[PDB]
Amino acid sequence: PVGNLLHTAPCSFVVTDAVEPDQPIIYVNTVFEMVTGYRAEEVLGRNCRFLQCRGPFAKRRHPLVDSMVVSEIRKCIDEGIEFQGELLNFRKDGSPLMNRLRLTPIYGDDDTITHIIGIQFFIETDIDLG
């Protein structure tokens, strides 16, 4: 009873297209797939904010994610700068995760931001959701 171990440190990557509108996800590693429960077909082409919604079925972002941080992310993207912050997020199966997220934008060959990398650190949280 000691198996199916990971061979590398679990790091969670997601990359988006900064040219096409609204930063669609173009890649996710299988650690994101493993922690959030979302396989990659489900999320490819969508925008990450679906993580702020509790469950695949939830229509609206959950009350409890700090709308002030969500706005910092927005501000940071629109200025093409790094973002660093913590916010609530939800697995497919509803579980809550505090996500320490870092967003670094990547430049293309014309002094323009063509992609954005997001590194997720998903911490378990005992938050009460009601």
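Residue positions are given as counts along the sequence shown, with the first one as 1.
- For the two regions 89-97 and 57-65, the entry's Cα B-factors average higher over 57-65.
- The PDB entry records a higher mean C-alpha B factor for 107-115 than for its counterpart among 107-115 and 5-13.
- Residue 75: CA B factor in the highest third of modelled residues in this chain (values from the PDB entry).
- For residue 41, the recorded CA B-factor ranks within the highest third of the chain. Only modelled residues enter the ranking.
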